[PDB]
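Only one chain is shown below, in structure tokens, and it's the form deposited in one PDB entry.
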């Protein structure tokens, strides 16, 4: 039984506090991965135990400053658990909306101002997501559902790529098997091909999400309508909050031919530079 050693955690050391969302994520304390400690815990046939073990091995290998930190599993008894660091500001899409000009409530937090994010800040969020993507492309890992709903925000506005998904985001998938069509490129919709270049397209849509403070791409349109748009070559419009240099980077992610799309490495480098010195 060769493979990656996955860290195991005794059940007695996991104390579940409350559900945060629905796989079915709870907030918990864990002693002692250090003192005692807050963590996020995902709860779940032998075929499932197979995917569990498999995904666990994979999660163990993919470790990077912008990938949500994975601590191990608990498999003594049922249900099976995956243990992750806790990202106190939840998912990026919800975070964005709560700092949008549209938000109905004020979003306290000692570590960020309520109200619209600074441009410097939006840029930092995008840079961080890209860095996550650079790492994954490096490993030839293809993420088939890149979107702010699958990113996590932690203390100090650290952003990491996570996982799905929350039932509140069902509207973001189209039932064919559920596809995130609004984030998919023509070659995915047309030919069912998914590549690192497909992820670069998705990331472009993530950029649009960030600079609209979390709006659904093509929110005015039905699923088939959005598919017509994507395949017929229509592009999402520049967000009001989005500077030309960034819209340019977006457009580059959206080349109809995958090979003309800029590399994720390139994309990240530009965003990081914009970020270190935000244009007016």
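Residue numbers count along the first chain shown, from 1. For the two forms, the rigid core is made up of the largest set of C-alpha atoms that agree within 1.5 Å on superposition.
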Any chance residue 80 is unbuilt in a third or more of the other entries we compared?
no
For the other entries of this protein included in the comparison (both sides of the residue modelled), is residue 228 absent in a third of them or more?
no
Can you count the deposited residues that have no coordinates between residue 190 and residue 191 and report it as none, 1 to 3, 4 to 9, or 10 or more?
none
Missing residues between residue 44 and residue 45 in the deposited sequence, please: none, 1 to 3, 4 to 9, or 10 or more.
1 to 3
Can you tell me which stretch has the higher mean Cα B-factor, 249-257 or 209-217?
249-257
Using only the Cα atoms and their B-factors as the entry lists them, report which of 110-118 and 179-187 averages higher.
110-118
Go through 147, 105, 200, 129 one by one and give the residue whose Cα B-factor in the PDB entry is largest.
105
Given 57, 228, 237, 29, identify the residue with the highest C-alpha B factor in the PDB entry.
29
Please place residue 40 in the lowest, middle or highest third of its chain by C-alpha B factor as given in the entry.
lowest
If you rank every modelled residue in this chain by C-alpha B factor, which third holds residue 99: lowest, middle or highest?
middle
If you rank the chain by CA B-factor, which third does residue 164 end up in: lowest, middle or highest?
highest
Modelled-residue ranking by C-alpha temperature factor, third containing residue 76
highest
Third of chain Cα B-factors occupied by residue 49
highest
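Omitted from view is the form deposited in another entry, to which the following refers.
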Tell me, with the core superposed, which single residue in 134, 142, 119, 107 has its C-alpha moved by at least 2 Å between this form and the one not shown.
107
